[PDB]
Amino acid sequence: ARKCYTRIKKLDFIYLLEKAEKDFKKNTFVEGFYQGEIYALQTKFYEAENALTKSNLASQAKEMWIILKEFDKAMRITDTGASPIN
Amino acid sequence: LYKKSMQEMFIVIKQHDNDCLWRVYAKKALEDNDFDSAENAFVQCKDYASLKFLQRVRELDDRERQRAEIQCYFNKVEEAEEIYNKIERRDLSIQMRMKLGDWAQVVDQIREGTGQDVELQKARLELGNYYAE
């Protein structure tokens, strides 16, 4: 992955790869989140949203859509998702 | 743009709403080290990678690393290296050169600089692999 992301000059993908390799040892490393991030790094937002809703990552999809300043679509998404914290 | 302020130009560009105009507006906003206007331009352009880059940049302390990282982000690595040399602390320069994937330049930098055996050996092994590929 690093060789492929290095043979062509890319900066965001290599940063995400560094995050993935740092989080692989400790955390669960659920492939759904990283698949959604890969899809969202392109312009295909809806495919990333579908993949993120697929397994169970509603809240993080909500939070990643909020930073794009589209609070309306993020609200449509947060109507369905829950917050299992306390 | 070069004469009037930022909000007026924003509302002026709003009617046109073109990709090139938004890109130039964001470039100017980043050049003046303004992030709010840059974030507005990037959301109006609907670019998620730019938002991620800006979020990564905003959590910085000094005034010099932000400029060098922006320069490296646009297309220019030499300017970033020069500003790194200005601020010293060359380990950031060597780490950025390793991250970008250029192995000849880091080999040139490490030679006669510090004498680190392990880093030089790893860099030479990586360069040999790159040449073999």
# chains A, B, ... in the order shown; residues from 1 in each chain; ligands from 1
>>> interface_residues(of="chain A", to="chain B", cutoff="10 Å", atoms="only C-alpha atoms", output="VMD selection string")
chain A and resid 2 to 3 5 to 15 18 40 to 43 45 64 to 65 67 to 70
>>> residues_around(residues="segment 79-89 of chain B", least_positions_apart="3", cutoff="8 Å", atoms="only C-alpha atoms", output="list in words")
residues 64, 65, 67, 68, 69, 71, 72, 76, 92 and 93 of chain B
>>> write_last_selection(atoms="C-alpha atoms", output="PDB file, in the first residue's frame")
ATOM      1  CA  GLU B  64       6.626  28.574  10.455  1.00  0.00           C
ATOM      2  CA  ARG B  65       5.490  24.940  10.196  1.00  0.00           C
ATOM      3  CA  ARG B  67       3.626  27.948   5.998  1.00  0.00           C
ATOM      4  CA  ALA B  68       6.113  25.201   5.117  1.00  0.00           C
ATOM      5  CA  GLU B  69       3.416  22.521   5.177  1.00  0.00           C
ATOM      6  CA  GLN B  71       4.017  25.159   0.530  1.00  0.00           C
ATOM      7  CA  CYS B  72       4.653  21.407   0.458  1.00  0.00           C
ATOM      8  CA  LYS B  76       6.539  23.143  -3.741  1.00  0.00           C
ATOM      9  CA  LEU B  92      11.324  17.417  10.242  1.00  0.00           C
ATOM     10  CA  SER B  93      12.975  18.012   6.863  1.00  0.00           C
TER      11      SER B  93
END
>>> residues_around(residues="residue 30 of chain B", least_positions_apart="5", cutoff="10 Å", atoms="only C-alpha atoms", output="PyMOL selection string")
chain B and resi 24-25+35-39+54+67+70
>>> write_last_selection(atoms="N, CA, C and O atoms", output="PDB file, in the first residue's frame")
ATOM      1  N   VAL B  24      -9.017  29.944  -6.837  1.00  0.00           N
ATOM      2  CA  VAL B  24      -8.155  31.114  -6.683  1.00  0.00           C
ATOM      3  C   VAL B  24      -8.454  31.838  -5.375  1.00  0.00           C
ATOM      4  O   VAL B  24      -7.535  32.311  -4.694  1.00  0.00           O
ATOM      5  N   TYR B  25      -9.733  31.937  -5.001  1.00  0.00           N
ATOM      6  CA  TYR B  25     -10.093  32.573  -3.738  1.00  0.00           C
ATOM      7  C   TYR B  25      -9.509  31.813  -2.553  1.00  0.00           C
ATOM      8  O   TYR B  25      -8.974  32.422  -1.618  1.00  0.00           O
ATOM      9  N   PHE B  35      -7.766  31.123   7.561  1.00  0.00           N
ATOM     10  CA  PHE B  35      -8.338  29.784   7.508  1.00  0.00           C
ATOM     11  C   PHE B  35      -9.857  29.786   7.413  1.00  0.00           C
ATOM     12  O   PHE B  35     -10.433  28.884   6.796  1.00  0.00           O
ATOM     13  N   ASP B  36     -10.519  30.778   8.014  1.00  0.00           N
ATOM     14  CA  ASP B  36     -11.976  30.839   7.962  1.00  0.00           C
ATOM     15  C   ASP B  36     -12.462  31.003   6.526  1.00  0.00           C
ATOM     16  O   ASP B  36     -13.350  30.271   6.065  1.00  0.00           O
ATOM     17  N   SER B  37     -11.878  31.958   5.800  1.00  0.00           N
ATOM     18  CA  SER B  37     -12.231  32.165   4.401  1.00  0.00           C
ATOM     19  C   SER B  37     -11.831  30.967   3.549  1.00  0.00           C
ATOM     20  O   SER B  37     -12.560  30.580   2.629  1.00  0.00           O
ATOM     21  N   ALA B  38     -10.668  30.376   3.836  1.00  0.00           N
ATOM     22  CA  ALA B  38     -10.258  29.173   3.121  1.00  0.00           C
ATOM     23  C   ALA B  38     -11.237  28.033   3.363  1.00  0.00           C
ATOM     24  O   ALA B  38     -11.576  27.289   2.434  1.00  0.00           O
ATOM     25  N   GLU B  39     -11.713  27.881   4.604  1.00  0.00           N
ATOM     26  CA  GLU B  39     -12.664  26.809   4.882  1.00  0.00           C
ATOM     27  C   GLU B  39     -13.981  27.063   4.158  1.00  0.00           C
ATOM     28  O   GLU B  39     -14.612  26.124   3.658  1.00  0.00           O
ATOM     29  N   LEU B  54      -7.096  21.070   5.952  1.00  0.00           N
ATOM     30  CA  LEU B  54      -7.237  22.250   6.801  1.00  0.00           C
ATOM     31  C   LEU B  54      -7.406  21.863   8.266  1.00  0.00           C
ATOM     32  O   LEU B  54      -6.839  22.513   9.154  1.00  0.00           O
ATOM     33  N   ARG B  67       3.253  27.449   7.318  1.00  0.00           N
ATOM     34  CA  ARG B  67       3.626  27.948   5.998  1.00  0.00           C
ATOM     35  C   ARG B  67       4.374  26.893   5.194  1.00  0.00           C
ATOM     36  O   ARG B  67       4.087  26.685   4.011  1.00  0.00           O
ATOM     37  N   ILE B  70       1.983  24.179   4.072  1.00  0.00           N
ATOM     38  CA  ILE B  70       1.140  24.661   2.978  1.00  0.00           C
ATOM     39  C   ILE B  70       1.925  24.672   1.670  1.00  0.00           C
ATOM     40  O   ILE B  70       1.418  24.269   0.613  1.00  0.00           O
TER      41      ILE B  70
END
>>> residues_around(residues="segment 108-123 of chain B", least_positions_apart="5", cutoff="9 Å", atoms="only C-alpha atoms", output="PDB file with N, CA and C atoms, in the first residue's frame")
ATOM      1  N   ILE B  94      14.050  15.841   7.164  1.00  0.00           N
ATOM      2  CA  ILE B  94      14.393  14.481   6.755  1.00  0.00           C
ATOM      3  C   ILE B  94      13.166  13.575   6.813  1.00  0.00           C
ATOM      4  N   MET B  98      11.498  11.665   3.657  1.00  0.00           N
ATOM      5  CA  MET B  98      11.231  10.231   3.688  1.00  0.00           C
ATOM      6  C   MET B  98       9.764   9.934   3.399  1.00  0.00           C
ATOM      7  N   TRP B 103      14.133   9.120  -2.231  1.00  0.00           N
ATOM      8  CA  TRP B 103      15.172   8.433  -1.472  1.00  0.00           C
ATOM      9  C   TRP B 103      16.581   8.903  -1.810  1.00  0.00           C
ATOM     10  N   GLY B 128      18.280   1.201  -2.910  1.00  0.00           N
ATOM     11  CA  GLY B 128      18.598   0.039  -3.721  1.00  0.00           C
ATOM     12  C   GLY B 128      17.356  -0.699  -4.180  1.00  0.00           C
TER      13      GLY B 128
END
>>> select_by_dssp(residues="chain B", states="alpha helix (DSSP H)", output="ChimeraX atom specification")
/B:6-16,19-31,36-45,48-58,64-74,77-87,90-100,103-110,117-132
>>> residues_around(residues="residue 27 of chain B", least_positions_apart="5", cutoff="10 Å", atoms="only C-alpha atoms", output="MDAnalysis selection string")
chainID B and resid 21:22 32:34 38 41 74
>>> write_last_selection(atoms="N, CA and C atoms", output="PDB file, in the first residue's frame")
ATOM      1  N   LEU B  21     -12.690  30.187  -9.929  1.00  0.00           N
ATOM      2  CA  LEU B  21     -12.775  31.340  -9.040  1.00  0.00           C
ATOM      3  C   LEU B  21     -12.677  30.920  -7.580  1.00  0.00           C
ATOM      4  N   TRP B  22     -13.367  29.839  -7.205  1.00  0.00           N
ATOM      5  CA  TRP B  22     -13.279  29.350  -5.832  1.00  0.00           C
ATOM      6  C   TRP B  22     -11.871  28.868  -5.506  1.00  0.00           C
ATOM      7  N   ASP B  32      -2.654  34.550   2.529  1.00  0.00           N
ATOM      8  CA  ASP B  32      -2.726  35.534   3.600  1.00  0.00           C
ATOM      9  C   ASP B  32      -2.856  34.894   4.978  1.00  0.00           C
ATOM     10  N   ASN B  33      -2.687  33.572   5.065  1.00  0.00           N
ATOM     11  CA  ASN B  33      -2.758  32.832   6.327  1.00  0.00           C
ATOM     12  C   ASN B  33      -4.108  33.022   7.015  1.00  0.00           C
ATOM     13  N   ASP B  34      -5.177  33.008   6.225  1.00  0.00           N
ATOM     14  CA  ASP B  34      -6.540  33.048   6.737  1.00  0.00           C
ATOM     15  C   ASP B  34      -7.191  31.692   6.504  1.00  0.00           C
ATOM     16  N   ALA B  38     -10.668  30.376   3.836  1.00  0.00           N
ATOM     17  CA  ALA B  38     -10.258  29.173   3.121  1.00  0.00           C
ATOM     18  C   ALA B  38     -11.237  28.033   3.363  1.00  0.00           C
ATOM     19  N   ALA B  41     -14.362  28.719   1.301  1.00  0.00           N
ATOM     20  CA  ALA B  41     -14.127  28.413  -0.104  1.00  0.00           C
ATOM     21  C   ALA B  41     -14.106  26.908  -0.340  1.00  0.00           C
ATOM     22  N   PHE B  74       0.900  22.590  -1.747  1.00  0.00           N
ATOM     23  CA  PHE B  74       0.499  23.113  -3.048  1.00  0.00           C
ATOM     24  C   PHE B  74       1.186  22.373  -4.191  1.00  0.00           C
TER      25      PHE B  74
END
>>> atom_distance(atom1="atom CA of residue 75 of chain B", atom2="atom CA of residue 61 of chain B")
23.1 Å
>>> residues_around(residues="residue 77 of chain A", least_positions_apart="2", cutoff="10 Å", atoms="only C-alpha atoms", output="list in words")
residues 49, 53, 58, 59, 61, 62, 65, 71, 72, 73, 74, 75, 79, 80 and 81 of chain A
>>> closest_residue(among="A:33, A:22, A:78, A:28", to="residue 66 of chain A", atoms="only C-alpha atoms")
A:78
>>> decode(residues="segment 41-53 of chain B", atoms="N, CA and C atoms", output="mmCIF file, in the first residue's frame")
data_model
loop_
_atom_site.group_PDB
_atom_site.id
_atom_site.type_symbol
_atom_site.label_atom_id
_atom_site.label_comp_id
_atom_site.auth_asym_id
_atom_site.auth_seq_id
_atom_site.Cartn_x
_atom_site.Cartn_y
_atom_site.Cartn_z
ATOM 1 N N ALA B 41 -14.362 28.719 1.301
ATOM 2 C CA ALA B 41 -14.127 28.413 -0.104
ATOM 3 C C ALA B 41 -14.106 26.908 -0.340
ATOM 4 N N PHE B 42 -13.493 26.155 0.575
ATOM 5 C CA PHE B 42 -13.379 24.714 0.384
ATOM 6 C C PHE B 42 -14.726 24.014 0.534
ATOM 7 N N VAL B 43 -15.578 24.479 1.453
ATOM 8 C CA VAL B 43 -16.908 23.878 1.536
ATOM 9 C C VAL B 43 -17.743 24.261 0.321
ATOM 10 N N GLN B 44 -17.644 25.511 -0.144
ATOM 11 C CA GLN B 44 -18.380 25.890 -1.345
ATOM 12 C C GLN B 44 -17.900 25.113 -2.567
ATOM 13 N N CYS B 45 -16.632 24.701 -2.581
ATOM 14 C CA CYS B 45 -16.106 23.885 -3.668
ATOM 15 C C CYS B 45 -16.411 22.401 -3.504
ATOM 16 N N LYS B 46 -16.861 21.974 -2.322
ATOM 17 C CA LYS B 46 -17.204 20.579 -2.042
ATOM 18 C C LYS B 46 -16.007 19.655 -2.283
ATOM 19 N N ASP B 47 -14.944 19.894 -1.517
ATOM 20 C CA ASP B 47 -13.720 19.098 -1.584
ATOM 21 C C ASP B 47 -13.402 18.583 -0.186
ATOM 22 N N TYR B 48 -13.568 17.275 0.022
ATOM 23 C CA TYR B 48 -13.382 16.707 1.357
ATOM 24 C C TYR B 48 -11.908 16.639 1.741
ATOM 25 N N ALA B 49 -11.034 16.352 0.774
ATOM 26 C CA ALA B 49 -9.606 16.261 1.066
ATOM 27 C C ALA B 49 -9.057 17.597 1.549
ATOM 28 N N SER B 50 -9.524 18.698 0.956
ATOM 29 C CA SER B 50 -9.094 20.018 1.407
ATOM 30 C C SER B 50 -9.552 20.289 2.835
ATOM 31 N N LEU B 51 -10.772 19.869 3.178
ATOM 32 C CA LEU B 51 -11.248 20.027 4.549
ATOM 33 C C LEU B 51 -10.401 19.219 5.525
ATOM 34 N N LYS B 52 -10.054 17.982 5.155
ATOM 35 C CA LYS B 52 -9.183 17.176 6.007
ATOM 36 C C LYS B 52 -7.821 17.837 6.179
ATOM 37 N N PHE B 53 -7.263 18.369 5.090
ATOM 38 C CA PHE B 53 -5.974 19.049 5.161
ATOM 39 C C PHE B 53 -6.040 20.263 6.080
#
